Amino acid sequence: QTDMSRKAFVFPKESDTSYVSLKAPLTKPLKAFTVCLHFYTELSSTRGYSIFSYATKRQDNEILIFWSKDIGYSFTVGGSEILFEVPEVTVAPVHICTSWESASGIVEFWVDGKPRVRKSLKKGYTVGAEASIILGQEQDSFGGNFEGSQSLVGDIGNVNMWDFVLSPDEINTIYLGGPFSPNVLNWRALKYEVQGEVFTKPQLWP
Amino acid sequence: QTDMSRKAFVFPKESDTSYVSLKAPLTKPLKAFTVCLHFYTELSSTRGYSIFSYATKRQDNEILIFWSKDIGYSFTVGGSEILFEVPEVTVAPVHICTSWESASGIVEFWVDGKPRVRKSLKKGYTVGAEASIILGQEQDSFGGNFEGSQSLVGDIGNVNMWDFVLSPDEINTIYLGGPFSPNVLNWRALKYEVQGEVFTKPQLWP
Amino acid sequence: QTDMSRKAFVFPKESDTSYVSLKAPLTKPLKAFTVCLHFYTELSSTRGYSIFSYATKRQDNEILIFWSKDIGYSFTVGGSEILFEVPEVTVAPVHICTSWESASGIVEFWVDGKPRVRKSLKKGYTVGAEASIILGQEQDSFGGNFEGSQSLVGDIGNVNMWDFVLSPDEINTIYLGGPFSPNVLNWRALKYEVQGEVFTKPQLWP
Amino acid sequence: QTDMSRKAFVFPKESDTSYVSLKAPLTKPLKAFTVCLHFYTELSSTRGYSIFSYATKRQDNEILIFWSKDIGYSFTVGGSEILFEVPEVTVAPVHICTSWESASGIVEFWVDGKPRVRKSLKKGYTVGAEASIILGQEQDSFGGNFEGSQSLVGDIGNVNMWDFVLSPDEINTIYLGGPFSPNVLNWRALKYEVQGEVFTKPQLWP
Amino acid sequence: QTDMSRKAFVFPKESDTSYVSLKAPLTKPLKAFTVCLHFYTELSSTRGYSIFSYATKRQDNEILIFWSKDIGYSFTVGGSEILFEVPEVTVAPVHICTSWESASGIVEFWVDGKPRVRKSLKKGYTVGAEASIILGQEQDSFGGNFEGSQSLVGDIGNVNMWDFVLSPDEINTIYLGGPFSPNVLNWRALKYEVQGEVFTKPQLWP
Ligand SMILES: CCCCN(CCCC)CCCP(=O)(O)O
Ligand SMILES: CCCCN(CCCC)CCCP(=O)(O)O
Ligand SMILES: CCCCN(CCCC)CCCP(=O)(O)O
Ligand SMILES: CCCCN(CCCC)CCCP(=O)(O)O
Ligand SMILES: CCCCN(CCCC)CCCP(=O)(O)O
Ligand SMILES: [Ca+2]
Ligand SMILES: [Ca+2]
Ligand SMILES: [Ca+2]
Ligand SMILES: [Ca+2]
Ligand SMILES: [Ca+2]
Ligand SMILES: [Ca+2]
Ligand SMILES: [Ca+2]
Ligand SMILES: [Ca+2]
Ligand SMILES: [Ca+2]
Ligand SMILES: [Ca+2]
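About the thresholds
Residues numbered from 1 in each chain as written, not as in the entry; some residues may be left out. Chains lettered and ligands numbered in written order. Heavy atoms only, no water. Helix = DSSP H or I, 4+ residues; strand = E, 2+ residues; numbered from the N terminus. Rg over C-alpha atoms; globule rule 2.2 N^0.38 Å. Buried < 20%, exposed > 50% of the residue type's maximum accessible area, 1.4 Å probe, protein only. Contact = heavy atoms within 4.5 Å. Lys, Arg positive; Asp, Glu negative; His and termini not counted. Charge placed at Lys NZ, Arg CZ, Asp CG, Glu CD. Disulfide = S-S within 2.5 Å. Donors = N, O, S within 2.8 Å, 3.2 Å for Na, K, Ca; no water. UniProt positions renumbered as here; feature names shortened; annotations may be inferred. Least-squares fit on C-alpha atoms. Pairing = 2+ DSSP bridges. Axes fitted to C-alpha atoms, helices over the stretch in contact; angles between N-to-C directions. Near = heavy atom within 4 Å. Polar contact = N/O pair within 3.5 Å; in protein donor to acceptor, adjacent residues only side chain to side chain. Areas by Shrake-Rupley, 256 points an atom, 1.4 Å probe, with all protein chains shown as cover. Buried area = accessible area lost by both parts, 1.4 Å probe. Salt bridge = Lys/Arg side-chain N within 4 Å of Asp/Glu carboxyl O. Nonpolar A, V, L, I, M, F, W, Y, C, P; charged D, E, K, R; others polar. Arc of directions from axis to C-beta.

Header annotation of the entry names X-ray crystallography as the structure determination method and lists the resolution as 3.5000 Å.

Encoded structure:
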């Protein structure tokens, strides 16, 4: 357990061996979830990068948040991809929240507290519980097989994960700075593991 | 009767068989009306879509609100079309109010509480009372014959219908969030019928 | 006498025979004046139109306010024209005030409470008193000879006329909505005459 | 002495013989000064014009503020010119303050209370005391030889001149409209002389 | 010791021999530092210029802050360069803070109180203590060998240097004018040496 309030992981330069591993107390498979986080990078105009890699032994992309240059945000659960197009890209810290529900397949994508339209993806699916969560790298296998061209170079922090779907009002308090209690991943109670060239410094965003 | 406050219909993906059917207790033909609603979609840059389809046995487009790509808003009553051009299109939730009067033919179109100029359309017409109201699809016949390329993909809600013309001051309270009583269709007392892949989730707009 | 507060004239569709005739209790010829009004139309990008036509038996353009497409506002007194160029045109309600002085020829043109530079026009002239004032059409003769391509299609209201020149401080209150006592044309005590396809509905602007 | 508060000089139309002559009680030559004023004109997109002409028997451009079309602001003291480039030109009232110091050659140029970078001009010079100050025309000789193509057409006022350099804090109060005491030219105690077609009317700016 | 509060150095015109030399009480080599300053110039659109030149006998570019036209900000420590690209350049006063850490190589770059992403540079380096600090010129040798095309023409002031890395909260107060205490270079206690055509005048920014 570590209180990571006001701190953030920083990946200074592109690398093949830098990443942090988040550990989750999972026991039941997920029928829905919600992931929120902050990050800041200039790469969005040069190439793409991995933002949040959640892998399983049977599926290297169990749930992945990815930025594809010139296209926008890429959101894939269970190997199937959906896109949230973004034309104008301005370099600044950004806050994303994204949720998925099995019973309906609806996926919500919030960017800086403002919601994007709702789309479908993997209706009826069930996400694996025994996962490997990695920041700063894209997983091709369980916790391994990283591509350096998918590295994240910059700051990442404030990651929080639930096992249900957050309502608009809850998403607002999360972005606005209100008190929320995650039940999967908690920034204020993080069990993590550092590997490679990564540092912990005060966060740049408010 | 269903109180749909803070809830909205969501059509996740393009489809040919998804729609909700609103039921109206009409007895006299309409000599004027006013229709208001919220909706949110990214389609406006890809194609056009149906926003509100009100059909009669003799006229498949008794009153229709439609978005034509690259042109703007399309408003047709009794088969006759009038346009409200829109050059710049920004993706976000939008609130539309539109009214029509027979004695004058004047049509008003409000977008996010700001009015567009007044135009003429079907002066002296009389709208049919035995209608079929459909959301998420365009009607070519009484409650049927849907085109998939006219589907609405996204959120729609807060639909309310009167049988007279609302004054500017009245429209304001509806947009600003005040307490009003619709007299044709009431979001707070909706008799509807769901069909296909459609869901009811908390609304995204305030 | 009619109190026209909060009401406005609407010319829904293009026509050749629609207009209202304002009646003025004039006795002395005008050595200066000031005219203010609201209007709202989309025509500004399609063609030109007449906003306020003040005609005399000897001069069909005794004082005329006109929008010439691609050029801007046209202001002519006694047959002589002056232009206030406008490059960017955005469709929305607009408030114009315009004054003329004989002793100096100075003309002011205020748009939405913001003034344009001062220009000269017909120094020493004297405007006729026995006039015909028409809204929605352009006069080629005393109260007649309308051209349909000069029609005004939209809303017009809040027209008020003085027989002297209004100061900046006064113009401000008129735009902001303060109490003024006109002595030629008074919206709150209007003697007018309707003709053709014209209607009276609540005003759209605040 | 005349208090010209809230009133302004207006040059309605282009002319060769319209101008006002400001009279200054000078006795010592100027080793530094500061000039502030308001003005409003549409010419900036058509041609250039003279804003403030201070001439001597030996030097027709002892200190001149000039707008050169497509280039920006032109500032010349003692016959030597320096430029403050301006790319985008928007038509509205503008407030300029400009100062010069001999010991350093530093010139400051403030536009609407915001400063431009500092530049050099005529270090060690000494400005003549027996000058002719003219508004609305450009001087080629002592109080004469006007070029009509250099006329200023519009409003000008609030001109005030010191014999020292105003600090940033002081410039702010001058722009905001606070109590300042000029010791060369004072709007509230102006000894001037009108000639030609020029008028005194209330100012358009606040 | 000199208190330079509210004052700033001015380099009026391009020159080869104008510069101020800041003197620092250094004894130990720097394992990290942070530099903050204000500056204002129009050159950014014409050519590049030196902002802050810190040279050693063995390295003419021990730490240099430089603006390269059409590219953005150039930041080099120990001869190795890293870039913070800037596409749009608007002329106005600007406040920059920049820090470097040896243990991590992380460099932060704050512009007008807003941070750019974190990058790596010269991890494990050690900056020399016996340095020559120059403003307004670029050093090719210890305190000499200036290129005129690298001159800074405009205002510079409020320069402050620490020997550690400032946190986001500290950078904020420094931008706003907080009670910060530098321990290398202090604007409120500057031991400097002036040379050439440079002047000390009140600062232009707030
Ligand atoms: C199987 C879906 C792959 C999603 N994909 C996004 C493509 C946008 C650039 C990331 C590639 C993951 P990978 O490196 O393991 O192959
Ligand atoms: C008869 C008027 C048709 C109006 N129309 C708008 C055209 C703008 C793209 C929608 C088409 C209705 P439809 O699918 O039944 O033919
Ligand atoms: C005699 C001056 C005419 C002014 N004119 C403005 C031209 C800009 C399009 C309106 C035409 C008046 P008209 O219809 O009676 O001839
Ligand atoms: C001798 C310097 C002349 C400065 N000059 C500015 C040129 C920018 C268009 C105004 C011309 C003064 P002039 O009319 O007496 O010749
Ligand atoms: C050795 C690195 C040089 C950095 N450089 C920035 C280049 C961007 C225009 C300034 C040149 C220093 P110099 O004048 O001594 O050669
Ligand atoms: Ca993968
Ligand atoms: Ca990979
Ligand atoms: Ca149809
Ligand atoms: Ca259809
Ligand atoms: Ca006509
Ligand atoms: Ca005429
Ligand atoms: Ca001259
Ligand atoms: Ca001349
Ligand atoms: Ca160098
Ligand atoms: Ca050099």
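A. Main features of the overall build of chain A. Counting its regular elements, chain A contains one helix and 15 strands. Expected size for 206 residues packed as a compact globule is a radius of gyration near 17 Å; at 16 Å, chain A falls within 12% of this value. Seen through its C-alpha atoms, chain A measures out along the principal axes to roughly 40 × 35 × 35 Å. Burial statistics for chain A: of 206 residues in total, 58% are counted as buried. Here the analysis covers contacts within chain A between residues at least 6 apart in sequence; of these, 67% occur between residues at least 24 apart. If the 19 positive side-chain charges of chain A are averaged to one point and the 23 negative ones to another, these points end up 4 Å apart.

B. Molecular detail of the state of the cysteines. Residue and element names in this part refer to chain C. Counting across every chain of the model gives five disulfides over all chains. Between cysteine 36 and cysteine 97 runs a disulfide, and the two sulfur atoms are separated by 2.0 Å. In this structure the cystine formed by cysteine 36 and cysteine 97 twists about its S-S bond by roughly 125°; its chirality is therefore right-handed. Taken together, the residues span a long stretch of sequence, with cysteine 36 in strand β3 (residues 32-40) and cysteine 97 in strand β8 (residues 94-101) at a distance of 61 residues. For the pair shown, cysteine 36 and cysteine 97 are each scored as buried.

C. Region of the structure containing the coordination of the calcium ion (ligand 10). All names here are of chain C. Every protein donor of the calcium ion (ligand 10) is listed here as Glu138 (OE), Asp140 (OD), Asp140 (OD) and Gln150 (OE1), and their distances to the metal cover 2.4 to 3.0 Å. All donors to the calcium ion (ligand 10) come from one chain, and their sequence spacing reads E-x1-D-x9-Q. When its relative accessible area of 33% is taken as the criterion, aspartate 140 is described as partly exposed.

D. Up close: the UniProt feature "binding site: Ca(2+) 2" in chain A. All names here are of chain A. UniProt's entry tags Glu138, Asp140 and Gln150 with the feature "binding site: Ca(2+) 2", counted in the numbering of this structure. Along the chain, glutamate 138 turns up in the loop between β12 (132-135) and β13 (154-162). For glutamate 138, a relative accessible area of 3% gives the class buried. Once you skip the residues sitting within four places of it in the chain, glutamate 138 turns out to touch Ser50, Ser53, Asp60, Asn61, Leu64, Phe66, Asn145, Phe146, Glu147 and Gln150. When residues no more than four places from it in sequence are discounted, the contact partners of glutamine 150 are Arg47, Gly48, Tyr49, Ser50, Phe66 and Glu138.

E. Local environment of the relation of the copies chain A and chain E. Rotating chain A by 73° and translating it 0.7 Å along the rotation axis places it on chain E, where the RMSD comes to 0.2 Å. These values place the two chain copies in the arrangement generated by a five-fold rotation axis. Within chain A, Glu88(A) has its C-alpha nearest the rotation axis, a separation of 12 Å.

F. Looking closely at the sheet that holds strand β8 (residues 94-101) of chain E. Residues and elements named next belong to chain E. Taken in spatial order, the seven strands line up as β10-β9-β8-β3-β12-β1-β14 in an open sheet, and their pairing is antiparallel. Edge positions in the sheet fall to β10 (114-120) and β14 (199-202), since each of these pairs with one other strand and no more. If you compare each strand with its neighbour and ignore which way they point, the axes differ by 25° on average. Pairing analysis gives six bridges linking strand β3 (residues 32-40) to strand β12 (residues 154-162), with the strands arranged antiparallel. The partner of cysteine 36 across the bridge, within β12, is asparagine 160.

G. Looking closely at the site of ligand 2. All names here are of chain B. Near ligand 2 you find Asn61, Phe66, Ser68, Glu81, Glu138, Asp140, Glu147 and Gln150, and these make up its full shell. Between ligand 2 and the protein, one listed contact pairs an oxygen atom with a side-chain N or O atom of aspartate 140 at 2.2 Å. The side chain of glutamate 147 places a nitrogen or oxygen atom 3.1 Å from an oxygen atom of ligand 2. Across the complex, the protein chains shield 62% of the 470 Å² of accessible surface that ligand 2 would expose by itself.

H. The arrangement of the interface of chain B and chain C in detail. Counting from both sides, the interface comprises 17 residues of chain B and, opposite them, 13 residues of chain C. Together chain B and chain C conceal approximately 1,400 Å² of surface at their shared face, both sides included; 56% is due to carbon and sulfur atoms. Taken together, chain B and chain C are joined by five salt bridges. Taken together, the elements giving at least two residues each to the side of chain B that touches chain C come down to β7 (80-85), β9 (106-111) and β11 (119-120) of chain B. By residue number, the principal contributor to the side of chain B that touches chain C is β9(B), which donates three residues. Partitioning the side of chain B that touches chain C into residue classes produces seven nonpolar, three polar and seven charged.

I. Expanded view of the interface of chain A and chain E. Taken together, the contacts link 14 residues of chain A with 17 residues of chain E. Where chain A abuts chain E, roughly 1,400 Å² becomes buried across the two surfaces, and 57% of that area is made up of carbon and sulfur atoms. For the chain A face of the interface with chain E, the top three residues by lost area are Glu42(A), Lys201(A) and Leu204(A), together amounting to 42%. Between the two partners, chain A and chain E, sit five salt bridges. In this structure, the salt-bridge partner of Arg118(E) is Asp155(A), at a minimum N-O distance of 2.8 Å. Viewed at the interface, chain E and chain A are joined by seven residue pairs in polar contact. Of the residues forming the side of chain A that touches chain E, the biggest block, three residues, is contributed by strand β15 (residues 199-202) of chain A. Taken together, the residues that form the side of chain A that touches chain E break down as six nonpolar, two polar and six charged.

J. Quick peek at the coordination of the calcium ion (ligand 9). Residue and element names in this part refer to chain B. At this site the calcium ion (ligand 9) is bound by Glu138 (OE), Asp140 (OD), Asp140 (OD) and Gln150 (OE1), with donor distances of 2.5 to 3.1 Å. Ordering the donors of the calcium ion (ligand 9) by residue number gives the pattern E-x1-D-x9-Q. In this structure, the calcium ion (ligand 9) lies 4.9 Å away from the calcium ion (ligand 8), the two metals sharing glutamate 138 as a donor.

K. Layout of helix α1 (residues 168-176) of chain D. Considered for burial, the residues of α1(D) that qualify are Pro168(D), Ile171(D) and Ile174(D). Taken end-on, α1(D) shows its buried residues confined to a sector of 115°, consistent with a single buried face. Across α1(D) from its buried face, at more than 90 degrees, point the exposed residues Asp169(D) and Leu176(D). On its buried side, α1(D) packs onto β3 (32-40), β8 (94-101), β9 (106-111) and β13 (154-162) of chain D together with β14 of chain E.

L. Expanded view of the site of ligand 4. Residues and elements named next belong to chain D. All residues in the neighbourhood of ligand 4 are listed as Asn61, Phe66, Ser68, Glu81, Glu138, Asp140, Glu147 and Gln150. At 2.9 Å, a side-chain N or O of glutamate 138 approaches an oxygen atom of ligand 4. A distance of 2.2 Å separates an oxygen atom of ligand 4 from a polar side-chain atom of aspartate 140. Contact with the protein chains removes 62% of the 470 Å² of surface that ligand 4 exposes when unbound.

M. Broad picture of the pattern of salt bridges. Inspection of the entire model under this criterion finds 52 salt bridges over all chains. Close ionic contact of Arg188(B) with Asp3(B) constitutes a salt bridge, the shortest N to O distance being 3.8 Å. Residue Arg188(B) is located in the loop between α1 (168-176) and β14 (192-195), and its partner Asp3(B) is located in the segment before β1 (7-11); the two are separated by 185 residues in the primary sequence. The partner of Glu197(D) in a salt bridge is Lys123(C), and the shortest N-O contact between them spans 3.4 Å.

N. Fine view of the UniProt feature "binding site: Ca(2+) 1" in chain A. Residue and element names in this part refer to chain A. Mapped onto this numbering, the UniProt entry gives "binding site: Ca(2+) 1" at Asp60, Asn61, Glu138, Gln139 and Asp140. A maximum C-alpha distance of 9.1 Å is found for the annotated residues, which run over 81 residues; spatially they form one tight group. Following the sequence through the fold, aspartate 60 ends up in the loop between β4 (49-55) and β5 (63-68). A residue is classified by how much of its surface remains accessible, and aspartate 60, at 28% relative accessible area, is partly exposed. In this structure, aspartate 60 is in contact with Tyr54, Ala55, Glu138, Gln139, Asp140 and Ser141, ignoring residues within four places of it in sequence. Relative to the assigned elements, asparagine 61 resides in the loop between β4 and β5.

O. Quick look at the pairing of strand β4 (residues 49-56) of chain D. Residues and elements named next belong to chain D. The buried fraction of β4 amounts to eight of the eight residues, a majority that puts the element mostly inside the structure. Here five bridges tie β4 to strand β5 (residues 63-68), and the two strands are oriented antiparallel to one another. The partner of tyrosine 49 across the bridge, within β5, is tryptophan 67.

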